[PDB]
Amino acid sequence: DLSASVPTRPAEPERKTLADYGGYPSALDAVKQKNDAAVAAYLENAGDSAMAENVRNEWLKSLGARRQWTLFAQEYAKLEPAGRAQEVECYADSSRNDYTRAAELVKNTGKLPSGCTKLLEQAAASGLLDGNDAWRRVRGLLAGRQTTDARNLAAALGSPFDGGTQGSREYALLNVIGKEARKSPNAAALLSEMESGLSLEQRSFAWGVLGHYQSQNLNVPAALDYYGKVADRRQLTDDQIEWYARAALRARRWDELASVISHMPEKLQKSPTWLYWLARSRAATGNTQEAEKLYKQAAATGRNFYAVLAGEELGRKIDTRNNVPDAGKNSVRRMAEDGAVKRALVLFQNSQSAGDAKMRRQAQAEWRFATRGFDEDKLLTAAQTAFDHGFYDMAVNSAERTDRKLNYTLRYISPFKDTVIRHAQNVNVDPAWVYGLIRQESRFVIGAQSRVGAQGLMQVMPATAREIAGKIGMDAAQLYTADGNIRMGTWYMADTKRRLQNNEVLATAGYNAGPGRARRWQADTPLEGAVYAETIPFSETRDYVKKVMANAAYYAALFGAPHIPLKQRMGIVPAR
């Protein structure tokens, strides 16, 4: 059974929730304006809410930047630890001269928030950083065009870019590893020329930069040539070493793939991606028992693309039967009386009645806040509460967070079947695939709006909507209605597929990145579908295709169509 236990945090009246929200954007503005008195006034009588936690975190980032440490410590003491932002924890630890977090943070080779960047610079200056990892970060920052941060870290390490020592040499290497320099037809030739005067670490990193650029440009032979010159693979950034694995994968070099994976950080080796591909490599080289152990490990990672593929190699088909009962209705009712859950529901229902999309986004924040500490039974109760109130994305948000207790009908909800199934049938596309795409694009939020203006359940861009409307006799603004949105998106799935050799994997990539890109990523030979997906150069699209296709496998199982293994759904991507 599922436990009937629900939280009973103090509830506030709707009026109070709405009054607090009325002041929430101004409180964030007051942080930006450094109006500390106004922020304090907003927080003074605030409920214990995500609104308060969000304002307090943003305030603390500003207080830490401005070195107002007494006010910082006072307010930091009011945040729950699971609620403290990364940059706020870094400012707090810096204020106590505590550099414990540095050992892990320095392994990041990309841009970090200012508080965390400064924590690492302070650790460096006190000799508290691993030298190998510190200089790897300096190199990473140079390659990612974060030159100021690179410069400041090198200085803190005691070897500044103008000091004639290590720092100056790493900076000079920009003639090879720069953003544009790495693309030069002469980059490899220039690196080969200056190589004798470079350290083992600088040479390894620099070939990794060149290999990465080729690999992401899908010049696999050149990528493997340059990556083959990396003598110390642990010097590579995470993105560089994954792109070495991707090149070996694309070339079907199973032994080289297995070798590269074994040099990855443990965190990357234990990812579903590299558990599964190492398993495939062991299988391809006749190591059946090692393959099986790895497939089991990948299948244990839950509800995702590579876990399903790994299960299939083990003879396990997807199974969407729930392994827990429905939550009891009294518990579903009483969950909505918890003060933090209620607050989220108040903001959600008022966002609907009032047509306030910003309010709806804060309602999502209240939901995540309210459910943050929940055990699996409370998550599944709360998922049904959210579904009943029409808060569909939060129903999925809570249901998908479990590990052991699995409710697939709440993980893979299918509202709007009286519209989506018909539109999908009308252009002859698989409705499980459409649902899989909607779940990834909008999580069934009908008015969803991306950072760049993609709109609605299927996240069609306005420029694309205008083009589609011109082809199928619609008006462009029907993009912003549910029924028009589903008609546009399903038609565009079918049209994009028609334009990409009728292949569903290519179509999924083309829907997100444009068909011209999807076609650019094909090879001159056929590719296994999962190999095309894993070697997509755009990180967002690569993630997107795997999620949409895993989603589609789960929906197909709930919908009861004849069984299609995910491996079969991925199939073979044709040669260009």
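So that there is no doubt, residue numbering starts at 1 and follows the sequence shown.
Two stretches are in play, 236-244 and 258-266, and the higher mean C-alpha B-factor belongs to 258-266. Across the two stretches, 215-223 and 160-168, the PDB entry reports the greater mean Cα temperature factor for 160-168. You'll see in the entry that, of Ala344, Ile446, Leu190, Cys90, the Cα B factor peaks at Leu190. The entry lists C-alpha B-factors for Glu504, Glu441, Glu292, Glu366, and the highest of these is at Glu292. The entry lists a Cα temperature factor for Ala552 that places it in the lowest third of the chain's modelled residues.
Sort the modelled residues of the chain by CA B factor and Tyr42 lands in the middle third.
Per the deposited record, the Cα B-factor of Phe538 falls in the middle third when ranked against the other modelled residues of its chain. Ranked by Cα temperature factor within the chain, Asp36 sits in the middle third according to the deposited record. The deposited CA B-factor of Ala476 belongs to the highest third of values across its chain.
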